[PDB]
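There is one chain below, alone, in structure tokens, taken in the form deposited in one PDB entry.
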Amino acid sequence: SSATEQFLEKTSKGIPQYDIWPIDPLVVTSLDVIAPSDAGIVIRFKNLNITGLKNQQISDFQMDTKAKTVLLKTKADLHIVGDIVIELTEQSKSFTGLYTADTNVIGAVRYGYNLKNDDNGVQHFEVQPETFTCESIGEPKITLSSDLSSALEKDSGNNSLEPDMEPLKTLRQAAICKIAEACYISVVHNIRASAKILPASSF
């Protein structure tokens, strides 16, 4: 349908005039992730491309007018691709290649809000800095380029890689959460921007 074309132009290009950023495809030029269990393991991503946010669901919305706080529970099936360097800093080793991830991400976005009027009597939500909590990444499917998976097998001394061993653990969990976090920065930014245009009424 006609509007399908416009929707995918909005998700893919944003809307600059309203300061609405793209969400699908969402491009992140670089992003580094430190393994939560060992700061000597650093994953450096470049040219990440994330798709699936256009189909995301807000599965719960909560609000408390005393604290003026909001919780949004989010669910998304994401397909992530990027260049990767795995730095095993204390071994002085670097492994390069390509990485993909497919999984279902469940998050919680929390933010405060204020209520303000514009030079026009129009009354708005002002969305404060948000936090994103990664609640579930399901059982993700991860892939690595064959040169990279071979180098890791070679270095490990084992025909097959251990998904529970580092750096694979981080690739299957923390890296997905950090990338989803970066995606939701755009999502929430779009909420924040559209709330400065639309009046607080529009629910």
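In this text, the rigid core denotes the largest set of C-alpha atoms whose superposition between the two forms falls within 1.5 Å. All residue numbers refer to positions in the sequence shown, first residue = 1.
*Asks:* Which wins on mean Cα temperature factor, 39 to 47 or 155 to 163?
*Replies:* According to the entry, 155 to 163 carries the higher average C-alpha B-factor.
*Asks:* Is the mean CA B factor in the deposited entry higher across 15 to 23 or across 175 to 183?
*Replies:* On average, C-alpha B-factors are higher across 15 to 23.
*Asks:* Per the PDB entry, which option out of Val28, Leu148, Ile142, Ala67 has the greatest Cα B factor?
*Replies:* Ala67 has the highest C-alpha B-factor of those listed.
*Asks:* Select one of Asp77, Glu87, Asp119, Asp83: the residue whose C-alpha shows the highest B-factor in the crystal structure entry.
*Replies:* The record points to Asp119.
*Asks:* Can you work out whether the C-alpha temperature factor of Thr100 puts it in the lowest, middle or highest third of the chain?
*Replies:* For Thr100, whose C-alpha B-factor we compare with every modelled residue in the chain, the answer is the lowest third.
*Asks:* Tell me, lowest, middle or highest third: where does the Cα B factor of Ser136 rank within its chain?
*Replies:* CA B-factor rank for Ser136: middle third.
*Asks:* Which third, lowest, middle or highest, does the C-alpha temperature factor of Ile34 belong to within its own chain?
*Replies:* It belongs to the lowest third of the chain when residues are ordered by C-alpha B-factor.
FYI, the form deposited in another entry isn't displayed, but the following is about it.
*Asks:* Does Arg192 shift between the shown form and the other one by 2 angstroms or more at the C-alpha, the core having been superposed?
*Replies:* Shift at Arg192: below 2 Å after core fit.
*Asks:* Could you check whether the CA atom of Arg44 moves 2 Å or more between the shown form and the other one, using the rigid core for the fit?
*Replies:* Moves: no, less than 2 Å.
*Asks:* Do you see a C-alpha shift of 2 Å or more at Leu53 between the shown form and the other one, with the core held fixed?
*Replies:* Shift at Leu53: below 2 Å after core fit.
*Asks:* Over in the other structure, so in the other form, do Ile43 and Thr11 pull closer or drift farther apart at the C-alpha level? The difference is 3 angstroms or more.
*Replies:* Relative to the shown form, the pair is farther apart.
*Asks:* Closer or farther: how do the Cα atoms of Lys10 and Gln17 compare in the other form relative to this form, given a change of at least 3 Å?
*Replies:* Distance between the C-alphas of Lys10 and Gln17: longer in the other form, by 3 Å or more.
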